Protein chains: 2
Amino acid sequence: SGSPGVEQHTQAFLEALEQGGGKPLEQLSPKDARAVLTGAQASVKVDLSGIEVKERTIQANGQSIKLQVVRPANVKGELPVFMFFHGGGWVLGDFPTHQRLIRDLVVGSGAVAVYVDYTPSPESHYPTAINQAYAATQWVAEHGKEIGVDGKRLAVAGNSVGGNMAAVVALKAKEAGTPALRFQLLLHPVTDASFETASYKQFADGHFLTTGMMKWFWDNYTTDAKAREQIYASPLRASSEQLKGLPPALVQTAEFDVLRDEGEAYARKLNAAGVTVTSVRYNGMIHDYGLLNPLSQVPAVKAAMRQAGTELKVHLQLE
Amino acid sequence: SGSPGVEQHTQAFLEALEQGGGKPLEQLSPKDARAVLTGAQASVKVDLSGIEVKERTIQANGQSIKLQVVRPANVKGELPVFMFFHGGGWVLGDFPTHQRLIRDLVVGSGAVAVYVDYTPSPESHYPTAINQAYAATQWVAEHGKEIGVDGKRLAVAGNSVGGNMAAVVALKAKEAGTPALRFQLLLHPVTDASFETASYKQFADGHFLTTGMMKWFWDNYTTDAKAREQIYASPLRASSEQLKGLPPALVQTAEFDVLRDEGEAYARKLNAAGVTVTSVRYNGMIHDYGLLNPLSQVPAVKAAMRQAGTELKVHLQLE
């Protein structure tokens, strides 16, 4: 269905989904909802070349955590590294659904991605996944040599709830005083457990990610209102003092996205706190433009991916 | 003065200008206004390395036109090429005021820039400069070998009224059936001789480029209302049919810019006409963020420049 101004291929994609019909995602079991993303991502021929992928299980902060290490192919030596936190509304997502996005970031940056297999919701609730995400980030900083990376040159990155996770891991690293981070890449992040922004109102339906989906995602994550008010759930609620000293950020938002305004608002809060921020709204785009494989060849998406990889590279250089 | 959300260094810049005082630009003679930009650009140490600059005067469509050819240094062979049309509101601007911006685009793309020294206003009026701009573009396509470029791989680029000029040259090339263009790079372009968009209302003052300046710029360009209604002055007025077949575009706009809305509106019109467009709003930025030397080290500006160079490069490749 979409709106005037939606990029042409994206609009055609939305119309194709509308014609395909199907139950609202939030009316499905977590298992069936996961299968929607799995099936849709698998339905598209995509370039996954130029990477080498290796699983690694680590012992960190009291639990076993599974990683996927994604390295630029045919490259020798220690490389700088970014943690990658996947989206999917906490309920959906995993490594293979996100592999093309991760691949594009790795190939475009020359840096190694460390995907963290955090526990999904509702199997776990806040703050289980963010504690895993932080534990893995500290692990990479300390033990990077074991997986062929320079852990002292370390960024965090993610899409959607993964952008939430990246932002929150940066906050947790500030709180803990470790590890040092070069950069945070937030691709259309969730930043606030509230649903009254102008973008939430304007794009409630018809633009892939719906308000109904967002409320369901948040409900599966946690129904504890006190938890939702914590900065580690809703980082937009942080004060300037709480944000001071965070690493430089690139925040990409999508024009036609309920989460657009809270993402841009978080960028403004970082800027007001003296954090270096580049905040770029990709016009014509819907939420998860960098994830969805049917959109991966849209020229604006390719440009967004080129930028994301380049900014990772710029911030992960030697000295 | 600025607004909540203006990027921190940009805000400090605006405040410094406010404290410096001085007459409104539009109350100055063209000569004195030109000197404001010349002096301000010269007051900042900037990196101009990595280029070789050579002047060339050409005979094209009945007149002598001066070019500055800006080539990546230490590179052999034919290179692809982009025309560069400078901003300055038609009254101001020239090569040296714009040299750092041009340099960044050349170094970041690996392509040669051809700066066109169009006749300023009010010394000339519409359509003198755009006819010169087009003549030079056709010349480069035909005679590129003479200046070390592959004229068959040709883009147009410009900031502000230079973005207007690039967009209009692309339209003139469609009208003439020549030359073929790979790409149009529009950095915060002027697209419409009207002053009633929401951004014009919101950012009328306090954000460097004022509504008063824009009206003065347009008045110096042409006071002919019929001329202003032509698509070669106000390309936003073009129909979908008139825009069909134009080359792929990157349109960067600035959040805090009176011209923001008409730039984004032009991107939407291109998209509606089936033209490939990437439209990106750089949040926190003011107009001419890529031109103004005091802002050239602002991290978001560096990111915008990296993107602009990269997108030129991507679109100017072989085959």
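Scope of the values below: all heavy atoms of this structure, side chains included, with no hydrogens, waters or symmetry mates. All chains are named by letter (A, B, ...) in the order of the sequence lines, taking the proteins before the strands, and each is independently numbered beginning at 1.
For the pair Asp47(B) and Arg103(B), the minimum side-chain heavy-atom distance is below 4.5 Å. Looking only at side-chain heavy atoms (C-beta outward), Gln252(A) and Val280(B) stay at 4.5 Å or farther from each other.
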Identify all side-chain donor-acceptor contacts of residues 209-217 of chain A below 3.5 Å with residues at least two apart in sequence or on another chain.
from: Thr210(A); atom 1: OG1; to: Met213(A); atom 2: N; distance (Å): 3.0

Would you tabulate the side-chain donor-acceptor contacts of residues 85-97 of chain A under 3.5 Å, counting partners in other chains and residues two or more places apart, or write 'none'?
from: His86(A); atom 1: ND1; to: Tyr118(A); atom 2: OH; distance (Å): 3.4
from: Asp94(A); atom 1: OD1; to: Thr97(A); atom 2: N; distance (Å): 2.9
from: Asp94(A); atom 1: OD1; to: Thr97(A); atom 2: OG1; distance (Å): 2.7
from: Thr97(A); atom 1: OG1; to: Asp94(A); atom 2: N; distance (Å): 3.1
from: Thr97(A); atom 1: OG1; to: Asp94(A); atom 2: O; distance (Å): 3.1

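At least one donor-acceptor pair closer than 3.5 Å links the side chain of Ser124(A) to the backbone N or O of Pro120(A). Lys145(A) places no side-chain N or O within 3.5 Å of a backbone atom of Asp150(A) that could act as its donor or acceptor partner. In this structure, the side chain of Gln132(A) engages the main chain of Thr119(A) through a donor-acceptor pair within 3.5 Å. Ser234(A) places no side-chain N or O within donor-acceptor distance of the main-chain N or O of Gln230(A), the cut-off being under 3.5 Å. A donor-acceptor pair under 3.5 Å links the side-chain atoms of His125(A) to the main chain of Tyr221(A), judged by distance alone.
In this structure, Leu316(A) CG and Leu79(A) CG are separated by 10.5 Å, a value rounded to the nearest 0.5 Å. Taking CG of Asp261(A) as the reference point, atom CG of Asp192(A) lies at 11.5 Å (rounded to 0.5 Å). For the atom pair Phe82(A) CZ and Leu185(A) CG, the distance stands at 8.0 Å (nearest 0.5 Å). Here the straight-line distance linking atom CG of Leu250(A) with atom CG of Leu186(A) works out to 8.0 Å at 0.5 Å rounding. Once rounded to the nearest 0.5 Å, the distance linking CG of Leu101(A) with CG of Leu187(A) reads 6.5 Å. Here the OG1 atom belonging to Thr191(A) is positioned 9.5 Å from the NZ atom belonging to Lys269(A), to the nearest 0.5 angstrom.
Side-chain atoms of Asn159(A) and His98(A) form a donor-acceptor pair, as typed in the model, at a separation below 3.5 Å. Residues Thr222(A) and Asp224(A) bring no donor and acceptor atom of their side chains to less than 3.5 Å of each other. A donor-acceptor contact closer than 3.5 angstrom is absent between the side chains of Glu15(B) and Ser1(B). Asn220(A) and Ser121(A) share no side-chain donor-acceptor pair at under 3.5 Å. In summary, the side chains of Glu262(A) and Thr197(A) do not present any donor paired with an acceptor at a separation below 3.5 Å, with no hydrogens or angles considered.
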- Message: Apply side-chain hydrogen bond (donor to acceptor under 3.5 Å, both in side chains) to residues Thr57(A) and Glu55(A) and explain how you reach the verdict.
- Response: CA-CA 7 Å; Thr57(A) 292; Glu55(A) 189 237 271; 3.2 Å; yes

- Task: Show your working on salt bridge (charged side-chain N to carboxylate O under 4.0 Å, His left out) between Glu264(A) and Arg281(A) and close with a plain yes or no.
- Result: CA-CA 8 Å; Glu264(A) 299 187 349; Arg281(A) 175 191 291 194; 2.9 Å; yes

- Item | Candidate pair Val251(B) and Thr278(B), rule side-chain contact (heavy atoms from CB on, under 4.5 Å), full reasoning | CA-CA 6 Å; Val251(B) 184; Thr278(B) 300; over 6 Å; no

- Item | Working for salt bridge (charged side-chain N to carboxylate O under 4.0 Å, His left out), residues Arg71(A) and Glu78(A) | CA-CA 10 Å; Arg71(A) 181 190 177 85; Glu78(A) 274 187 357; over 6 Å; no

- Message: One pair to check against side-chain contact (heavy atoms from CB on, under 4.5 Å): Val140(A) and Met83(A). What are the steps and the verdict?
- Response: CA-CA 8 Å; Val140(A) 169; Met83(A) 309 304 298; 3.7 Å; yes

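Qualifying side-chain hydrogen bond (donor to acceptor under 3.5 Å, both in side chains) partners for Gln59(A), counting only residues two or more places apart in sequence or in other chains: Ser64(A). By the side-chain hydrogen bond (donor to acceptor under 3.5 Å, both in side chains) test, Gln297(B) is found to be paired with no residue, residues two or more places apart in sequence or in another chain being considered. Applying the ring pair (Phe, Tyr, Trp, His ring centres under 6.0 Å) criterion to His143(A), with sequence neighbours excluded, gives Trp139(A). Applying the side-chain contact (heavy atoms from CB on, under 4.5 Å) rule to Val46(B) yields the partners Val44(B), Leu48(B), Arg100(B), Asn293(B), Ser296(B); only residues at least two apart in sequence or on another chain are considered. Residues passing the side-chain contact (heavy atoms from CB on, under 4.5 Å) test with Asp219(A) are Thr223(A), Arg228(A), sequence neighbours excluded. Every residue was checked against the salt bridge (charged side-chain N to carboxylate O under 4.0 Å, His left out) condition with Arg182(A), not counting sequence neighbours, and none meets it. Applying the side-chain hydrogen bond (donor to acceptor under 3.5 Å, both in side chains) criterion to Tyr134(A), with sequence neighbours excluded, gives no partner residue.
Among residue pairs with one or both ends in residues 151-174 of chain A, none qualify as ring-ring contact (aromatic ring centres under 6.0 Å, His included); sequence neighbours excluded. Within the structure, side-chain hydrogen bond (donor to acceptor under 3.5 Å, both in side chains) contacts touching residues 162-179 of chain A (residues at least two apart or in different chains) are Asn131(A)-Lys172(A), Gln138(A)-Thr178(A). Within the structure, ring-ring contact (aromatic ring centres under 6.0 Å, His included) contacts touching residues 236-266 of chain A (residues at least two apart or in different chains) are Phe203(A)-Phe256(A), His207(A)-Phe256(A).
Residue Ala133(A) comes nearest to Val169(A) through the heavy atom pair CB-CG2, 3.7 Å, listed as atom of the first residue, atom of the second, then distance. The two atoms that bring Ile286(A) and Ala254(A) nearest to each other are O-CB, 3.5 Å, heavy atoms only. The minimum heavy-atom distance between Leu14(B) and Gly206(B), with the atom names listed, is CD1-O, 3.7 Å.
Salt bridge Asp104(A)/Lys302(A): absent, no basic N to carboxylate O contact under 4.0 Å. A salt bridge links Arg268(B) and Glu255(A); the closest N-O separation between the charged side-chain nitrogens and carboxylate oxygens is under 4.0 Å. Taking a cutoff of 4.0 Å between a charged side-chain nitrogen and a carboxylate oxygen, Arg306(B) and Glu311(A) qualify as a salt bridge.
Between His188(A) and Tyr289(A), the ring planes are perpendicular. Angles over 60° get that label, and only those under 30° would be called parallel.
For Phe84(A) and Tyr115(A), the distance between ring centers is not under 6.0 angstrom.
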